[PDB]
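Participant: Here is the sequence, then the experimental structure:
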Amino acid sequence: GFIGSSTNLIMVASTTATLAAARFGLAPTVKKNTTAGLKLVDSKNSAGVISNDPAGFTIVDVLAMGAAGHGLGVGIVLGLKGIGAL
Amino acid sequence: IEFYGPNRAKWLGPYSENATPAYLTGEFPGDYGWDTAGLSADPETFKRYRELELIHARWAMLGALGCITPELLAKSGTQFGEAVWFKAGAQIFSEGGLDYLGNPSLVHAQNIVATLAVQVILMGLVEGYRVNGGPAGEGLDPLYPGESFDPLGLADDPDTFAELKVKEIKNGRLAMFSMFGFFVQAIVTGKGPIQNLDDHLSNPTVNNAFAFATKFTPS
Amino acid sequence: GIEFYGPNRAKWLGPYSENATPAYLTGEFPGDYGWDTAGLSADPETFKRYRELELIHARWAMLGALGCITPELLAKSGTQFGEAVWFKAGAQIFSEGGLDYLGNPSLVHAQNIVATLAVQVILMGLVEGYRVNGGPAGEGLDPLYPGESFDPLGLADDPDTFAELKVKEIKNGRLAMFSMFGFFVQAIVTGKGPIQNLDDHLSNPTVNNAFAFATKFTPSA
Amino acid sequence: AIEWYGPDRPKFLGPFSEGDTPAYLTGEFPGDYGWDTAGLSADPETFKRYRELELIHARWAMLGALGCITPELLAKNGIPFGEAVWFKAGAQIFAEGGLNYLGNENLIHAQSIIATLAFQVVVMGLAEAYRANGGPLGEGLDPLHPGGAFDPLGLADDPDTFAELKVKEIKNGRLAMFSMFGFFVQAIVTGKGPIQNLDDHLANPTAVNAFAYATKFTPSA
Amino acid sequence: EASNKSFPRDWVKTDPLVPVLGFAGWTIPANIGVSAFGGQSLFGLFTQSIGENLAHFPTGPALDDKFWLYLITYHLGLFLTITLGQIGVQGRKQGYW
Ligand code: CHL
Ligand code: CHL
Ligand code: CHL
Ligand code: CLA
Ligand SMILES: CC1=C[C@H](O)CC(C)(C)[C@H]1/C=C/C(C)=C/C=C/C(C)=C/C=C/C=C(C)/C=C/C=C(C)/C=C/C1=C(C)C[C@H](O)CC1(C)C
Ligand SMILES: CC1=C[C@H](O)CC(C)(C)[C@H]1/C=C/C(C)=C/C=C/C(C)=C/C=C/C=C(C)/C=C/C=C(C)/C=C/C1=C(C)C[C@H](O)CC1(C)C
Ligand SMILES: CC1=C[C@H](O)CC(C)(C)[C@H]1/C=C/C(C)=C/C=C/C(C)=C/C=C/C=C(C)/C=C/C=C(C)/C=C/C1=C(C)C[C@H](O)CC1(C)C
Ligand SMILES: CC1=C(/C=C/C(C)=C/C=C/C(C)=C/C=C/C=C(C)/C=C/C=C(C)/C=C/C2=C(C)CCCC2(C)C)C(C)(C)CCC1
């Protein structure tokens, strides 16, 4: 089956990886941008958007990190397919 | 017996008092009064030779136990690629990798170059920390740091710490002597330490060292 | 930038070396990275004799590395020598037809190694007794950097860059000493020239490194 | 030139030895020629232990340089005892009848190397430890020249010729160490006896010298 | 520019670590075998091209040599690496971030 294959594992791993990287202060999020030197500094947030998450994780945060992790997983699976590893 | 001060363990027995140099008073571990060749008269050179001797002793203890351990374990049931220590390095280029305990899923290393590179990086960091200082201790004794080595708290009570120091350096000098013996028993025989021990304990009359006393003769 | 004298300078362990340097290596001499971990030069006169030994070793190793590289490069470029490889270049005196210098028979054409060695002993004893004492090329001079007959190009003037040239001389000399030790051990374990070993390592670097010759001097036989 | 002491003395570079001879080599010891170019003996304690080590090396080398020449010197007369070279002389222990001293069978004729080895270990440890510390013939004296029962013939008196014979002893001893190193490497490279090398050199010097064996240790690989 | 009244002589802030680290950061990755090269590397094929073109030393390389490709790509990446290395070194040393 697909659910449980290498592609699905890699994709969920990449998506949850970016999500847990943004949630636990290891990746740039809505509330924390970066400078030229990649140091996490806060943001204006340009609207203000609420969230019940203790850290402040938002629906925008999950959309952004889902898109990034989906790009990462797509690229990884099609690369491993490209070098014959998959 | 006290291993410090004026009357201590001396290398020529109960009659060596002429053979003691003036600079070997005995305020350091393992002082037997043996500098009859006189290379360690300068106190700073005495410091450098002491740290040289202690780290040679510790590395030769590790090397003696590593010379004897896989050869003894070769007869205890497990079989490696090579069991003797002087061919224990050449098991990289054998087909099928360097298995650690013989098991093919333990290490299985085929590349000696990246192995030496990773060793060079980690060993350069360890020895730079050992001489200068680093994250497991910044400024301490150059030979006996504490607080991260001996974490079990046996370095306290400085009289038994002094006894532990002289015991460490005596076991280390014995292991240095045996490492030199391992080197020459490698070059004149080609068989390992416990292999030569079985060769001696089989018949000691002819299979002593003088069985190989004519090997390096010239032509 | 990075300097090579004074209390802070370029050291042997690099950044992890501020505790590592000994007390007697204060850094007034060229090539003072603070590497005396065995304490051989703690006495200052032993240190002075070792500096003279290091610098004369350095200059002779620079000449030797250039002379080990030069006929092999000229052979791989154009020139048929007698034996361009350096550890077999001695026995060309026994090539039954002379030692041609640049491969041409019009050159020095040496056939007697005893006379060659004998005039070398005479000239070398003269020049080294001049080096330690004095002679026609300077009597009262520095025993390591004489000058005014070994600086006809005047590069020891402006002494702030003469200190830099002293450090450059000792650094190329230590690199040449390391390279001469590499030449010796490579000659012993490979049997080919250093440029032949370089062409071998450039062809297939994965097996023309040193570890293919690791089983050569085995203790079994 | 008739002195081996003082500030002006015979030196190792001859007239080239004024810029040499540093301050701690003053000529106060037998055999001072100003040769400390390496600078190994700046500390007088280090210098004292090096002098003791050099002189016991001198005594053992004068013993050795004659004990290696006398088996071939009695093989010159035609006395056959197993083998006459010194570097293959130990294997006569493992012969069919054992090592004989002069070849006549009623002599020493011992067979077991281990028993005479144990005897050598015990009596030489006792004798050398009496040499370092003291025993039944003098307890605390010179570690260099004890005398007493070591001079039964009375050459230790009149201290100027004692110093002269000290210089004679260290000169013959240094010549013996040089000869013994030459013996070692003539055994290594040529593989024949040194007196046999002398016969081969006197038979044909121009082609049979060290340069004949110059291509032996060439690493082929 | 109230400052800069003499055109300082150290207009380029030279750290000798920069060229070394750029050569290292481009060339060591330039010696990684990729199957597009047939298991060989860019820099390895470059040294091979220079070896073949050094054989006929006086005459220059041809137009269909494939030496020029390796040269130009290797130097593109190399100059970019060295340039960005100097930039980064003097941006970390100076401000700019
Ligand atoms: C009172 C008698 C007594 C004597 C004479 C010695 C003397 C010695 N102790 Mg000892 N001790 C003695 C009692 C005691 N010791 C010690 C504690 C120690 C220690 C901790 C150490 C010694 C060591 C030594 C050795 C140092 C000398 C040396 O380096 O060998 C030089 C002389 C030789 C090597 C001659 C032997 C060679 C052999 C006879 C000839 C064979 C030649 C071969 C064919 C080789 C030739 C090669 C060819 C091919 C070119 C020596 C065996 C040291 C040691 O072990 O060094 C090795 C050492 O570390 N002793 C204690 C405890 C307090 C003693 C108590 O009584
Ligand atoms: C002192 C420096 C010096 C060095 C490093 C060499 C090097 C060599 N010569 Mg050479 N020579 C040197 C001086 C002289 N040679 C000669 C004339 C010859 C002849 C005729 C021949 C040689 C040969 C050899 C080679 C011996 C083969 C061998 O055993 O390889 C194994 C060993 C090595 C590769 C390294 C050896 C170096 C050593 C272990 C470490 C360095 C220590 C120093 C040599 C000692 C210091 C010397 C002091 C006294 C100044 C060896 C590479 C032979 C040869 O090449 O034929 C095939 C040969 O036939 N030489 C003359 C008279 C003109 C010299 C006078 O200065
Ligand atoms: C200490 C001085 C001493 C020296 C220089 C030698 C030398 C030698 N013995 Mg030996 N022995 C010595 C003491 C003793 N031996 C023996 C008993 C035997 C036996 C039974 C045999 C030998 C043999 C040999 C020769 C080995 C052949 C070889 O490998 O050539 C290569 C070596 C050389 C050509 C000499 C090179 C010199 C060396 C590298 C430098 C010298 C410094 C030494 C390393 C220091 C000496 C050791 C110290 C610690 C005592 C070798 C020349 C064998 C033999 O002759 O048959 C071939 C042999 O069968 N020896 C006893 C017990 C009584 C000794 C005790 O004093
Ligand atoms: C191992 C033996 C030995 C030892 C310990 C000494 C020790 C000493 N000598 Mg003596 N000497 C020796 C052998 C030795 N010498 C020999 C064989 C010769 C004849 C060539 C001389 C000739 C000589 C003269 C003319 C003078 C001295 C002097 C000195 C003193 C200061 C020099 C110094 O630091 O040497 C330290 C030496 C060593 C630590 C020995 C190291 C041995 C190495 C391994 C030799 C390496 C060289 C090479 C590989 C082998 C020889 C090559 C070639 C020459 C054949 C010192 C007491 C001077 C002095 O003060 O008078 C008392 C002096 O004027 N010596
Ligand atoms: C004291 C004195 C005094 C007087 O005065 C003078 C004199 C005499 C000089 C002096 C003496 C000295 C001496 C004796 C020295 C010696 C030393 C040594 C032996 C060392 C070793 C040392 C040794 C050592 C370190 C060792 C080490 C080892 C090691 C790491 C390891 C190894 C190994 C192993 C196992 C594993 C594999 O399988 C292989 C190998 C890799 C192989
Ligand atoms: C620092 C320190 C510190 C601590 O404390 C301690 C220690 C560790 C001990 C120290 C270290 C040291 C070291 C490193 C040493 C090394 C050295 C060397 C390598 C040298 C060489 C050196 C080297 C050299 C001179 C060389 C030279 C050479 C030559 C001339 C050559 C010649 C030649 C040629 C051309 C070629 C031909 O065909 C032949 C011949 C003849 C062959
Ligand atoms: C002065 C100086 C100065 C500067 O500054 C620095 C320097 C350069 C370092 C220095 C130099 C030094 C030197 C030259 C050294 C050398 C030494 C030697 C050679 C010794 C031997 C030494 C040697 C010796 C004792 C030897 C001995 C011998 C012997 C016992 C032998 C025995 C024998 C015999 C009879 C015979 C039989 O069948 C066997 C045998 C058993 C074989
Ligand atoms: C409730 C909660 C939770 C959980 C949650 C979750 C589980 C979430 C998830 C989330 C997620 C899981 C998300 C995802 C997302 C995704 C996305 C957002 C996607 C996107 C996509 C895209 C954007 C695409 C793109 C593209 C394409 C189309 C093609 C190719 C190219 C590219 C790749 C670009 C917790 C922890 C339990 C607890 C508390 C709270």
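Facilitator: Great, that's in hand. Residues are numbered from 1 along each chain as shown, chains lettered A, B, ... in the order given. Ligands and ions are numbered 1, 2, ... in the order given.

Participant: Nearest residue to the middle of chain E?
Facilitator: The centre of chain E sits closest to residue E:78, judged by CA atoms, centre = their mean, with a distance of 2.1 Å.

Participant: tell me which element the residue lying closest to that one once chain neighbours are set aside falls in.
Facilitator: Nearest in space to residue E:78, with sequence neighbours left out and distances taken as CB to CB, 6 or more residues apart in numbering or on different chains, is residue E:26 at 4.7 Å. The C-beta positions use only the backbone N, C-alpha and C, and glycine is treated the same way. Here residue E:26 sits within helix E:17-27, counting by DSSP states H and E.

Participant: neighbouring contacts of that helix?
Facilitator: Contact with helix E:17-27 is made by E:43, E:74, E:77-78, E:81-86, E:89, as judged by CB atoms under 8 Å, 6 or more residues apart in numbering or on different chains.

Participant: Looking at chain B, which residue is nearest ligand 5?
Facilitator: Nearest residue of chain B to ligand 5, counting by CB to the nearest ligand atom: residue B:63, 2.3 Å away.

Participant: That residue belongs to a helix, doesn't it?
Facilitator: Yes - note on residue B:63: a helix contains this position according to DSSP: H, G, I helix; E, B strand; the rest coil.

Participant: ok, it - how many residues close by?
Facilitator: By other CB atoms under 10 Å in any protein chain shown, 17 other residues sit near residue B:63.

Participant: do residue B:87 as well
Facilitator: Neighbourhood size, residue B:87 [other CB under 10 Å]: 18.

Participant: Would you mind measuring from it to ligand 2?
Facilitator: 26 Å (CB to the nearest ligand atom, to the nearest Å).

Participant: Can you tell me what sits against stretch D:65-77?
Facilitator: D:81, D:83-86, D:89, D:102, D:176, D:179-180, D:183, D:193-196.

Participant: close to ligand 7, is that stretch?
Facilitator: Yes - counting by CB under 6 Å from any ligand atom, contacts between stretch D:65-77 and ligand 7 involve D:67-68.

Participant: Give me the buried positions along that stretch.
Facilitator: Neighbour-count burial for stretch D:65-77, counted by 16 or more other CB atoms under 10 Å in any protein chain shown, picks out D:65, D:68-69, D:71-72, D:75.

Participant: ok, which pair from those residues is furthest apart?
Facilitator: D:65 and D:75 (17.1 Å; CB to CB).

Participant: just to revisit the earlier point, pretty sure the residue of chain B closest to ligand 5 is touching residue B:179, no?
Facilitator: Yes - counting by CB atoms under 8 Å, residue B:179 is a contact partner of residue B:63 at 5.4 Å.

Participant: show me the contacts for residue B:3.
Facilitator: Counting by CB under 8 Å, 6+ apart, residue B:3 makes contact with B:9, B:26, B:29-31, B:162-163, B:166.

Participant: same for ligand 3: which of those residues are within range?
Facilitator: Answer for the contacts of residue B:3 near ligand 3: none qualify (CB under 6 Å from any ligand atom).

Participant: These in helices, which ones?
Facilitator: Counting by DSSP state H, the part of the contacts of residue B:3 found in helices is B:162-163, B:166.

Participant: Show me just the buried residues among those.
Facilitator: Among the ones in helices among the contacts of residue B:3, those classed as buried by 16+ other CB under 10 Å are residue B:166.

Participant: Please, which helix or strand holds residue A:26?
Facilitator: Using DSSP H and E, no helix or strand contains residue A:26.

Participant: what separates it from residue A:55, distance-wise?
Facilitator: According to CB to CB, to the nearest Å, residue A:26 and residue A:55 sit 12 Å apart.

Participant: Right, I'll call it a day here.
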